[PDB]
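K.L.:
Pasting a structure below so you can have a look.
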Amino acid sequence: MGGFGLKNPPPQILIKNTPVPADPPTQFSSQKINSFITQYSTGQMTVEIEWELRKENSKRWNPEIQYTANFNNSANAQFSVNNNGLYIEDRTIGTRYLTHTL
Amino acid sequence: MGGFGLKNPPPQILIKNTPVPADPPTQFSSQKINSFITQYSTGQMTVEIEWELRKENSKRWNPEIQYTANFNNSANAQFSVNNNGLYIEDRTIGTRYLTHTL
Amino acid sequence: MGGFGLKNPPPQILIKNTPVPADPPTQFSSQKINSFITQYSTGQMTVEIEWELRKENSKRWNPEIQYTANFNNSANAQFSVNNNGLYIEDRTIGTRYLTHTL
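Below you can see the structure in the form of structure tokens.
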């Protein structure tokens, strides 16, 4: 599917809500606790990645194809929300534009 | 016409072929020398200019218009010679594509 | 086709005769200079390559096939000029003669 094959990829990150039981009975019972307190959690996360990239030195005279926004006036600007507030990717973008000698 | 107005622009550069006279007469004559040796000169020149330029920091989410080569298959590649060997600029290019807040 | 595949092969070497124009007209004209002075150049070149090579240690008793000149008396000696002065390679020579265990 494309990507970077890794022998030792980034570690999976796993999270759970610690179970909190409801009020137990007064007489002891050895069965598992069936009923818990309904709860959920929320928060924020962050991801910071350092990318390495290769400079482009090419002596071709004439100009090259590059990625540009569409030239039509549209009802909704590209890669932007609509009236209802929904974000929309208008099309996929590949990374291959600049050329290189074979 | 657009450009950089300068109080002290780059100096003009002026060049001439030094005149070489033809064979003078043996008897002295005080008039100007009318006839010279026909000659011309040629060589190479170079111009090296150091340009300063302003970085672009803009936080707009969506992509921008950029200059790209035309998308049609053409008989002659753009900004390139033809069969006869003549270099051709296909169109003018202005410098204003990226946007900026007013 | 056989050879040594290289990521960074020996650099191409490119050479040109610098164009020298013919006598220009006296009235200025902005068109390209059509006519030049016909000329060509010549000289000598040299190439010095350092080759690394592998010694042969083999304990096989009996003798091996080796490349030898043909045994017939011929009108023209092999790998040599003819009467008219033309150099002639009589046949191709591969590098595989000595044997090695598999």
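Residue numbers (the deposited numbering), protein chains in the order written: chain F, 620 to 721; chain A, 620 to 721; chain E, 620 to 721.
Note that CB positions come from ideal geometry on N, CA and C, so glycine has one too.
Taking only the alpha-carbon atoms, compute the straight-line gap between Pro629(A) and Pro628(E) and give it to the nearest angstrom.
P.N.:
As a first step, residue 629(A) is located in the second sequence; it is residue number 10 there, counting from the start. As a first step, residue 628(E) is located in the third sequence; it is residue number 9 there, counting from the start. Spanning the two alpha carbons is a distance of roughly 45 Å.
K.L.:
Thinking C-beta only, is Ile668(E) closer than 8 Å to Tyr686(E)?
P.N.:
Along the third sequence, one-based indexing puts residue 686(E) at 67. Along the third sequence, one-based indexing puts residue 668(E) at 49. For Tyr686(E) and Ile668(E), no; Cβs fall outside 8 Å.
K.L.:
For the ligand MN, is there any heavy atom lying closer than 7 Å to the beta carbon of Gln685(E)?
P.N.:
In the structure shown, the ligand MN is absent, as is every other ligand, since no ligand is present at all.
K.L.:
Taking any Cβ of chain A, which residues in the region 634-659 of chain E have a Cβ under 7 Å from it, in chain order?
P.N.:
If the cut-off is 7 Å between Cβ atoms, the region 634-659 of chain E has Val639, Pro640, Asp642, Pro643 near chain A.
K.L.:
Of the residues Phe655(E), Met620(E), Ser649(E), which one's Cα is nearest the Cα of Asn636(E)?
P.N.:
Indexing the third sequence from 1 puts residue 636(E) at position 17. Taking only the C-alpha atoms, the option nearest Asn636(E) is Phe655(E).
K.L.:
Do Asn681(A) and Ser693(F) have their beta-carbon atoms positioned less than 8 Å apart in this structure?
P.N.:
In the first sequence, counting from the first residue as 1, residue 693(F) sits at position 74. In the second sequence, counting from the first residue as 1, residue 681(A) sits at position 62. Contact flag unset, no.
K.L.:
With distance defined between alpha-carbon atoms, name the residue in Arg679(F), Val639(F), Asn689(F) nearest to residue 730(A).
P.N.:
Missing from the structure shown is residue 730(A); chain A here goes from 620 to 721 and no further.
K.L.:
Going by beta-carbon coordinates alone, are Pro640(F) and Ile632(F) separated by less than 8 Å?
P.N.:
Along the first sequence, read from residue 1 onward, the residue named residue 640(F) stands at position 21. Along the first sequence, read from residue 1 onward, the residue named residue 632(F) stands at position 13. No, they are not a contact pair.
K.L.:
Using a Cβ-Cβ distance under 8 Å, would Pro682(F) count as near chain A?
P.N.:
Locating residue 682(F) in the first sequence gives position 63, counting from the first residue. For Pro682(F), the answer is yes, since a Cβ of chain A falls inside 8 Å of its Cβ.
K.L.:
Which residue from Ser649(E), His719(E), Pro644(E) puts its Cα closest to that of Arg673(E)?
P.N.:
For the purposes of this step, residue 673(E) is taken as residue 54 along the third sequence, with counting starting at 1. When each option's Cα is compared against that of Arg673(E), the closest is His719(E).
K.L.:
So for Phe655(E), helix, strand or coil by DSSP?
P.N.:
Taking the first residue of the third sequence as position 1, residue 655(E) is located at position 36. Strand.
K.L.:
Which of helix, strand or coil does DSSP assign to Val700(F)?
P.N.:
Against the first sequence, residue 700(F) aligns to sequence position 81. Of the three classes helix, strand and coil, the one that applies to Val700(F) here is strand, per DSSP.
K.L.:
List, in chain order, every chain A residue whose beta-carbon is nearer than 9 Å to that of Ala694(F).
P.N.:
What you label residue 694(F) is simply residue 75 of the first sequence in a count that begins at 1. Here the premise fails: no neighbours, minimum Cβ distance about 15 Å.
K.L.:
How would you list, in chain order, the residues of chain A whose beta-carbon sits under 8 Å from the beta-carbon of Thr665(F)?
P.N.:
As a first step, residue 665(F) is located in the first sequence; it is residue number 46 there, counting from the start. Residues of chain A passing the Cβ test: none, with the nearest at roughly 18 Å.
K.L.:
Taking a cut of 7 Å between CB atoms, which residues from the region 688-712 of chain A lie near chain F?
P.N.:
Cβ contacts with chain F come from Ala688, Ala696, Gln697, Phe698, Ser699.
K.L.:
If you draw a straight line from the alpha carbon of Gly621(F) to that of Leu705(F), how long is it in whole angstroms?
P.N.:
Taking the first sequence and counting its residues from 1, one reaches residue 621(F) at position 2. Taking the first sequence and counting its residues from 1, one reaches residue 705(F) at position 86. Using only the alpha carbons, I get a separation of about 28 Å.
K.L.:
Compute the distance between the beta-carbons of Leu717(F) and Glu675(F), then report whether it is under 8 Å.
P.N.:
For this step, residue 717(F) is matched to residue 98 along the first sequence. For this step, residue 675(F) is matched to residue 56 along the first sequence. Taking 8 Å as the Cβ cut-off, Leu717(F) and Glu675(F) qualify as a contacting pair.
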